[PDB]
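Take a look at this single chain, the form deposited in one PDB entry, given in structure tokens.
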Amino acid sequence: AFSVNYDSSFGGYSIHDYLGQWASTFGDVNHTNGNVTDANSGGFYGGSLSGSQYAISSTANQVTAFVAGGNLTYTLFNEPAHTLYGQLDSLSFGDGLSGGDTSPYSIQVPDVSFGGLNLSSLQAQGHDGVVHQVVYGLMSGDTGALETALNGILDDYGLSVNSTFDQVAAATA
């Protein structure tokens, strides 16, 4: 049930080119050994360490953001430590994060959204699970794991992340 939604200015962009611009604007939140605070942790909606959404804003520019949606839980110090797992079904990208407390997170100026991703991983796969690799890559400004997961969805339509948004819409609508 894969779907894409995009501002019409991105119709002629490849998926890869959009995500490359998004990543280079968002930068890298450096959520790493020795550098984690409240500033670069992001947050969940629906719980403190789990919920229907996870979202985070750029520490470089304070506005660029992404919202990950589905059913997600982070183990924090439970084994395997520091793993995000569960189901990742949507991702949205753009500028400005609001909500996240008594209402869901949303992006204030949305560029692109993917729905129906159907990505699922179990706790026991720890950091090798696809949902962990995708979202921790995004937090780090690395879209390599998401593109790999999108190529695996797209190959069934004969497309890839080198296809443009308009080419994907014509195959999926």
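Residue indices: 1-based, along the sequence shown. Residues that one form lacks are left out of the comparison. Heads up, when I say rigid core I mean the largest set of C-alphas that superpose within 1.5 Å between the two forms.
Below: the form deposited in another entry, not depicted.
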Rigid-core-referenced C-alpha movement of 2 Å or more between this form and the one not shown, selected from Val130, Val29, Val67, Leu138: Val29
Compare the CA separation of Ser8 and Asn162 in the other form with the one in the displayed structure, and answer closer or farther (the difference is at least 3 Å). farther
Having a change of 3 Å or more in the C-alpha distance between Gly47 and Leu72, I'd like to know whether it is closer or farther in the other form than in the form here. farther
With the rigid core superposed, can you list, in sequence order, the 3+ residue stretches whose C-alpha atoms all shift 2 Å or more between this form and the one not shown? 1-48
